[PDB]
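Engineer: Sharing a structure, written as structure tokens. Questions coming.
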Amino acid sequence: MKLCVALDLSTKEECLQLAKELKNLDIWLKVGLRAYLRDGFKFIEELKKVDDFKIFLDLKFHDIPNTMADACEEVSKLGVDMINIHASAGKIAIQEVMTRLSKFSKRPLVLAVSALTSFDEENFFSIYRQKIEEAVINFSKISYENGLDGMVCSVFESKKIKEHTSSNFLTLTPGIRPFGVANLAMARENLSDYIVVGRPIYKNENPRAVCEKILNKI
Amino acid sequence: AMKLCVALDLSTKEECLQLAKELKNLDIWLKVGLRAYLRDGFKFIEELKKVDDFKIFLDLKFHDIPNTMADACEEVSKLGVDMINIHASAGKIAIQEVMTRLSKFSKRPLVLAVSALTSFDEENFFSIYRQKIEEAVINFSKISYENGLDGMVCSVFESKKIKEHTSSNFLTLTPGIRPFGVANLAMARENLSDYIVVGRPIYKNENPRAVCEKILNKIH
Ligand SMILES: [Cl-]
Ligand SMILES: [Cl-]
């Protein structure tokens, strides 16, 4: 499995400094909504200049099909390696995004957000009238059949997803606490293809040391 | 009275800025979408504001975990936009966190919730929500209203029903209006739209300013 670090430090300067501390490590970096809204595409260029990190631009697009297609096209021009969209955008949005990205010589991987990991059962049901597990399988099938590369999901749902789609349908599991439970052992047993780790790395006294340990443990 | 918002959806930034210039001094709102913001960022909002004192609706439809949506709404609110929108499907906690964060501003923008994207047909929508569109819209409108939002982005055909289920003071913004086409001005007036968004009929017209003036004249 691959390690992705969530670049969630409060300022651009801190995130770049962290990126510099993780040079030459075989890892991915995830850039979120707040960061992109504030610094734009120029921040992505600066990161690429620090090192050849594979970049997951995490914006969770959710709009009408043509708009999502235009959005995915716009960020793909930046050379990012992975992007995500809401499966809840529906089958037509998914089809239009993949049809648009097929125009690139090299496109990024495209994963669908199933159920936001922040939801609890009651609040999720109020919106989707489905249990979290039910929705995730439902969404994963729609995403798999319509051409996406995988899903963003809880480490606890990763095996179920693959069983209802394919062992080759990718799973990215965020919020992993490597040595914490959603730990590295749970990610391994549940077949996560990608793990995203945040605070355990960025708030640690020696971020590089933590990444080193995770990779070796992997 | 009903407010007119023009969708700045021309393909390039030069075209969009030129359109804004053509509409200078008209009492209208301008809507900036996802592709435009991803491509040009905050500087584009700054440049639009230099054209005239237009009220701006930054339409990004945020949908992420609560703290991330709070952070996003905060960042765009610092630009001085006048209205933003978020997905009601993000849930009540996300709605509460966004409003708690925005109460920290001396002047926050209006915050509307997207209910059911107008692009959906019944079958594809049901596949995701397991509720008919109208049912979902009412359900989402209640959650939005009870948790502090200013109103909803909705089909002009659901505007009156949304207010009946929340309150007449809960705002409705109805996009895709074809003023003289049906979702036309008459329908928007009868269904009590607080804001209408018009795209192609204005930006693809040979004389966009003349179309805006004709719309404003019929509204008033
Ligand atoms: Cl292990
Ligand atoms: Cl909820």
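Chain labels follow the order of the structure tokens: the first chain is A, the next B, and so on; residue numbering restarts at 1 in every chain, and ligands are counted from 1 in their shown order.
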Hey, which residues sit close to ligand 1? Say within 12 Å, counting only C-alpha atoms and all ligand atoms, and write them as a PyMOL selection string.
Structural biologist: chain A and resi 1+177-180+182-192+214-218
Engineer: Chain A near ligand 2 within 8 Å: what's each residue's closest atom pair and its distance in Å to one decimal, counting only C-alpha atoms and all ligand atoms, ordered by chain then ascending residue number, as a tab-separated table?
Structural biologist:
residue	atom	partner	partner_atom_place_in_ligand_line	distance
A:122	CA	ligand 2	1 (Cl)	7.4
A:123	CA	ligand 2	1 (Cl)	3.9
A:124	CA	ligand 2	1 (Cl)	6.1
A:125	CA	ligand 2	1 (Cl)	7.5
A:126	CA	ligand 2	1 (Cl)	5.2
A:127	CA	ligand 2	1 (Cl)	5.8
Engineer: Can you list every residue in range 48-163 of chain A that DSSP puts in strand (DSSP E), as number ranges by chain?
Structural biologist: A: 54-61, 82-86, 109-113, 150-152
Engineer: Define the interface residues of chain A facing chain B as those within 6 Å, counting only C-alpha atoms, and report them as a list in words.
Structural biologist: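 The contacting residues on chain A are residues 34, 64, 71, 88, 118, 127 and 128 of chain A.
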Engineer: How would the residues just picked look written out with N, CA and C atoms as an mmCIF file, in the first residue's frame?
Structural biologist:
data_model
loop_
_atom_site.group_PDB
_atom_site.id
_atom_site.type_symbol
_atom_site.label_atom_id
_atom_site.label_comp_id
_atom_site.auth_asym_id
_atom_site.auth_seq_id
_atom_site.Cartn_x
_atom_site.Cartn_y
_atom_site.Cartn_z
ATOM 1 N N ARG A 34 -9.297 24.093 1.663
ATOM 2 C CA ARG A 34 -8.851 25.379 2.198
ATOM 3 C C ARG A 34 -7.567 25.841 1.524
ATOM 4 N N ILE A 64 -23.250 19.995 -11.288
ATOM 5 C CA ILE A 64 -23.866 19.385 -12.471
ATOM 6 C C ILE A 64 -22.777 18.703 -13.315
ATOM 7 N N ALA A 71 -14.314 21.145 -14.295
ATOM 8 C CA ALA A 71 -13.494 21.248 -13.099
ATOM 9 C C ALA A 71 -12.360 20.235 -13.099
ATOM 10 N N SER A 88 -22.196 10.833 -5.041
ATOM 11 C CA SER A 88 -23.558 11.327 -4.969
ATOM 12 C C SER A 88 -23.913 12.257 -6.146
ATOM 13 N N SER A 118 -16.716 11.577 8.482
ATOM 14 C CA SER A 118 -17.207 12.345 9.618
ATOM 15 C C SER A 118 -18.670 12.009 10.015
ATOM 16 N N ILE A 127 -30.095 12.146 5.515
ATOM 17 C CA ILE A 127 -29.824 12.618 4.170
ATOM 18 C C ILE A 127 -30.024 11.565 3.073
ATOM 19 N N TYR A 128 -29.450 10.387 3.274
ATOM 20 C CA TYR A 128 -29.485 9.345 2.256
ATOM 21 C C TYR A 128 -30.498 8.214 2.398
#
Engineer: Please provide as a ChimeraX atom specification all residues within 7 Å of residue 62 in chain A, with the sequence filter that same-chain residues fewer than 6 positions apart are discarded (counting only C-alpha atoms).
Structural biologist: /A:68,85-86,89 /B:61
